[PDB]
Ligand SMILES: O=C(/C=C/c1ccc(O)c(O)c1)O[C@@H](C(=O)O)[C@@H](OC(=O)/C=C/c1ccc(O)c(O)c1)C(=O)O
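In structure tokens, one chain follows: the form deposited without this ligand.
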């Protein structure tokens, strides 16, 4: 189907199916509690997470972009940081929501 970076997780094709298991390794995603993992973009608070994701123009404009070649193939690398607005009246709710998903897999039964 679609290249991995263009996939959209849903209830029918979830975060694990599209992007693999959450874990600690540099190759793994770490974001998502059990609800977000099974629902993807169907998750009730998805829009509040998607407001932090970069447009294509911002992805290539804000990030440090590189190319790394490994035994698995050729990779476009990306790093960066998005500053939350502490004058956003939703700031405190945004922190709480991001805190619920970052490394949430560590607590899974």
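Positions refer to the first chain, counted from 1.
Another form exists, solved in complex with this ligand; not displayed. Remarks below refer to it.
Transferred by C-alpha superposition from where it sits in the deposited bound form, this ligand keeps all its atoms beyond 2.4 Å of the backbone and C-beta atoms, leaving the site open.
Although this ligand is omitted here, in the deposited bound form all of 34, 37 and 108 have a heavy atom within 4.5 Å of it. Taking non-hydrogen atoms only, residue 16 approaches this ligand to within 4.5 angstroms in the deposited bound form. Contact between residue 92 and this ligand in the deposited bound form is not found at the 4.5 Å heavy atom cutoff.
Contact check for residue 21: a non-hydrogen atom falls within 4.5 Å of this ligand in the deposited bound form.
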